[PDB]
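Please read the structure below before turning to the comments.
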Amino acid sequence: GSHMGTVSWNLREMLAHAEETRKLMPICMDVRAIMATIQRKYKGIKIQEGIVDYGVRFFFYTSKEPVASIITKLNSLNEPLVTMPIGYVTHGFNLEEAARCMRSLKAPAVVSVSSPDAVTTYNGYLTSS
């Protein structure tokens, strides 16, 4: 596994993949349901805002940041990623706006969705004809 592009994975598969690939994984802190999951496994890490290299190369972020700025902070690093879309539900965004806003990323990343049929939909927007 080396390519990018959208998939339909869960938190488990993202975490697993991120471990194996050593690739970066961003996490919206706001989603305390994800925080608990990660904090259970990775407990010796105190959650901090920003890069937390501990086991998996995490990037915890605040949903109040503009999708734009938060993307730019990944772009600076230029590191390859795996996550679900950065301005989606985690910004109150629709999947279309999410893709549009997330095209402003300049680092090569895996995206996710909640189901396999949504993959082709979201990728559709990442072409934008």
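Values quoted throughout were computed directly from the atomic coordinates according to the rules given, and no laboratory measurement underlies them. Every residue, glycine as well, gets a Cβ built from its backbone with ideal geometry; the counts of neighbours run over all protein chains shown.
Each row is one residue, and each column tells you yes or no for (1) out of contact with any strand residue (DSSP E or B) (no Cβ under 6 Å at 6 or more places or on another chain); (2) among the hydrophobic types (A, V, I, L, M, F, W, C).
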{"position": "17", "(1), (2)": "no, no"}
{"position": "27", "(1), (2)": "no, yes"}
{"position": "64", "(1), (2)": "yes, no"}
{"position": "77", "(1), (2)": "yes, yes"}
{"position": "95", "(1), (2)": "yes, yes"}
{"position": "103", "(1), (2)": "yes, no"}
{"position": "108", "(1), (2)": "yes, no"}
{"position": "122", "(1), (2)": "yes, no"}
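Output the residues belonging to the stretch 18-30 that are surrounded by 15 or more Cβ atoms within 10 Å (Cβ to Cβ) and out of contact with any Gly (no Cβ under 7 Å at 6 or more places or on another chain).
Narrowing the stretch 18-30 to residues surrounded by 15 or more Cβ atoms within 10 Å (Cβ to Cβ): 18, 21, 23-30.
Within the stretch 18-30, 18, 23, 24, 25, 26, 27, 28, 29, 30 qualify.
Between residues in the stretch 66-80 that are without any contact (Cβ under 8 Å) to a residue 60 or more places away in the chain and residues that are small (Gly, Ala, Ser) and surrounded by 13 or more Cβ atoms within 10 Å (Cβ to Cβ), which pairs lie under 7 Å by C-beta distance while being six or more apart or on different chains?
67/87; 68/104; 71/104; 74/107; 75/107; 77/107; 78/107; 79/107
Would the stretch 76-95 turn up any residue that is over 13 Å from the mean Cα position of the chain (by Cα), surrounded by 12 or more Cβ atoms within 10 Å (Cβ to Cβ) and of a type in the set (A, V, I, L, M)?
From the stretch 76-95, those over 13 Å from the mean Cα position of the chain (by Cα) are 76-78, 92-95; that's our starting set.
Okay, now just the ones that are also surrounded by 12 or more Cβ atoms within 10 Å (Cβ to Cβ), so 77, 93-95.
Those still in the list that are of a type in the set (A, V, I, L, M) too: 77, 95.
Yes; the residues of the stretch 76-95 include at least one that is over 13 Å from the mean Cα position of the chain (by Cα), surrounded by 12 or more Cβ atoms within 10 Å (Cβ to Cβ) and of a type in the set (A, V, I, L, M).
Is there any pair with a first residue in the stretch 22-46 that is more than 18 Å from residue 89 (Cβ to Cβ) and a second that is in a loop (DSSP other than H, G, I, E, B) and of a type in the set (D, E, K, R) whose Cβ atoms are under 8 Å apart and which are 6 or more apart or on different chains, and what are they?
Note: pairs meeting the criteria are 23/79; 24/79.
Kindly check whether there is at least one residue in the stretch 41-55 that is surrounded by 12 or more Cβ atoms within 10 Å (Cβ to Cβ) and either of a type in the set (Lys, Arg) or under 19 Å from residue 7 (Cβ atoms) (or both).
no
Restricting to the stretch 56-70, give me the number of residues that are over 12 Å from the mean Cα position of the chain (by Cα) and either closer than 20 Å to residue 103 by Cα or surrounded by fewer than 16 Cβ atoms within 10 Å (Cβ to Cβ) (or both).
7
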